[PDB]
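Working notes, beginning with the structure itself.
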Amino acid sequence: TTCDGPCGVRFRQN
Amino acid sequence: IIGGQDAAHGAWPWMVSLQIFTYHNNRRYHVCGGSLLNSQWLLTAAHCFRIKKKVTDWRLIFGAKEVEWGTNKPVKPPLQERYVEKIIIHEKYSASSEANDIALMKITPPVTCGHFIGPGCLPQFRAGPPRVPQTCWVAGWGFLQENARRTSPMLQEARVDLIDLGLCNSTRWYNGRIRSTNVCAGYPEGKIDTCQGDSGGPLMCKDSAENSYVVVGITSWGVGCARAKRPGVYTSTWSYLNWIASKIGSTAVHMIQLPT
Ligand SMILES: *[C@@H]1O[C@H](CO[C@H]2O[C@@H](C)[C@@H](O)[C@@H](O)[C@@H]2O)[C@@H](O[C@@H]2O[C@H](CO)[C@@H](O[C@@H]3O[C@H](CO[C@H]4O[C@@H](CO)[C@@H](O)[C@H](O)[C@@H]4O)[C@@H](O)[C@H](O)[C@@H]3O)[C@H](O)[C@H]2NC(C)=O)[C@H](O)[C@H]1NC(C)=O
Ligand SMILES: NC(=[NH2+])c1ccc(N)cc1
Ligand SMILES: NC(=[NH2+])c1ccc(N)cc1
């Protein structure tokens, strides 16, 4: 379920 | 992509590299792009499957910045490689007009999201066709020059302006070949544009204005690449939300649409 959450977000690393 | 720039690692975590797998020697070649919707599904172009129609013809590569042409090695953490479970081509897809150039790939086993991998957003049911004027972005590992010999090892990105369908469809532009389920994007003079290898990848515009991008288009076709008055023609995602929901479930759609 890691792929649920806020869509379309870039640079998830920061 | 012609005339754009190298993307930063993690810049577009929904990008997927769709690679033909030549089974005689286990080598893989980037062929098309796609966008990640959830752990088990990505959105891409139907025409990418005209020749390789079998689930075994492909590898799917996630969280990548660079892809290696012809490699026979698997990828390295944190990149992920997956098999295709199913290819769903729109039932109304027509290669001669490129009408309804859209498909879904079911991924297996499920991808896991994180720092370099994550879902894109789809337009709201209420959004309608995207409106001009806007500056949007495309990304992909397509050709760097119209005449290139190979796709680009480094993921590219470029800003492109949306082009109004009437202008795009006009006499000295595509002159009748644009459909109402298309979006066009680029610049009257060209020089910047998607090319072969970027098909299936996103055309994305920044909501208005969360800090989240929406995949409003899917790279479909063009005449050449980066030519004046021959911009990129994309499939409008908004036009197929019901279709997408019918294959993956309204719930999965709602999950990647930004809050009402
Ligand atoms: C882009 O332009 C094209 C064509 O206009 C071009 O002419 C071409 C050949 C070039 O020379 C250029 O000059 C110019 O760009 C538009 O193409 C037309 O599309 C129409 C809409 O699909 C269509 O009319 C046909 O007739 C039938 C429609 O009938 C159904 O629909 C309704 C009315 O909408 C009812 O009235 C009907 O009884 C029935 O329900 C359809 O079956 C056909 O699909 C078609 O719609 C023509 O197909 C087509 N004409 C030509 C000359 O090709 C195109 O729509 C423009 N794109 C956009 C987004 O506007
Ligand atoms: N989808 C899978 N069952 C699968 C797909 C391709 C493949 N080579 C092996 C397994
Ligand atoms: N942007 C276009 N010129 C284009 C897009 C896709 C493609 N396969 C070829 C050309």
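Readers should treat all values here as calculations from the given coordinates under stated rules, not as data from a laboratory. No Cβ is skipped: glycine too gets one built from the backbone with ideal geometry, and neighbour counts run over all protein chains shown.
Here is how the numbers come out for the structure above:
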{"quantity": "Selection status of B:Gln80, in contact (Cβ under 8 Å) with a residue 24 or more places away in the chain, touching a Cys at 6+ places or on another chain (Cβ under 9 Å), more than 27 Å from B:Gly176 (Cβ to Cβ) and within 16 Å of ligand 2 (Cβ to nearest atom)", "calculated": "no"}
{"quantity": "Hits in region B:186-205 - residues which are charged (D, E, K, R), touching a residue at least 60 places away in the same chain (Cβ under 8 Å) and either surrounded by fewer than 20 Cβ atoms within 10 Å (Cβ to Cβ) or not in a loop (DSSP other than H, G, I, E, B) (or both)", "calculated": "B:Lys191, B:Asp193"}
{"quantity": "Among the candidates B:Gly166, B:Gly201, residue that is away from chain A (no Cβ under 14 Å) and closer than 18 Å to B:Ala11 by Cα", "calculated": "B:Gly201"}
{"quantity": "Flag for B:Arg126 being without any contact (Cβ under 8 Å) to a residue 60 or more places away in the chain, under 23 Å from B:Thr181 (Cα atoms) and more than 14 Å from every other protein chain (Cβ to nearest Cβ)", "calculated": "yes"}
{"quantity": "Residue list for region B:188-230, restricted to those being farther than 24 Å from B:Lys92 by Cβ and within 16 Å of ligand 1 (Cβ to nearest atom)", "calculated": "B:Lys229, B:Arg230"}
{"quantity": "Unmet criterion (only one of (1) more than 16 Å from ligand 3 (Cβ to nearest atom); (2) closer than 27 Å to B:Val216 by Cβ) for B:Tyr93", "calculated": "(1)"}
{"quantity": "Output for region B:41-63, where each listed residue is surrounded by 23 or more Cβ atoms within 10 Å (Cβ to Cβ) and assigned to a loop (DSSP other than H, G, I, E, B)", "calculated": "B:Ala45, B:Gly63"}
{"quantity": "Residue list for region B:204-241, filter: of a type in the set (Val, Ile, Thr) and within 14 Å of chain A (Cβ to nearest Cβ)", "calculated": "B:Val214, B:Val215, B:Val216, B:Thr237"}
{"quantity": "So B:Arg82, is it away from ligand 3 (no atom under 16 Å from the Cβ), more than 25 Å from B:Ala252 (Cα to Cα) and assigned to a strand (DSSP E or B)", "calculated": "no"}
{"quantity": "Residue match in region B:168-185 (condition: part of a helix (DSSP H, G or I) and on the phi < 0 side of the Ramachandran plot)", "calculated": "yes"}
{"quantity": "Qualifying positions in region B:206-249 - buried (at least 21 other Cβ atoms within 10 Å of the Cβ), more than 9 Å from ligand 3 (Cβ to nearest atom) and β-branched (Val, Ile, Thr)", "calculated": "B:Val214, B:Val215, B:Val216, B:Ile218, B:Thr235, B:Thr237, B:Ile244"}
{"quantity": "Given (1) within 17 Å of the chain's Cα centre (by Cα); (2) within 14 Å of chain A (Cβ to nearest Cβ), index of the condition B:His9 fails", "calculated": "(1)"}
{"quantity": "Members of region B:145-158 that are within 14 Å of ligand 3 (Cβ to nearest atom) and either outside any loop (DSSP other than H, G, I, E, B) or of a type outside the set (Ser, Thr, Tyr) (or both)", "calculated": "B:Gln145, B:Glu146, B:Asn147, B:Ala148, B:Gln156, B:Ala158"}
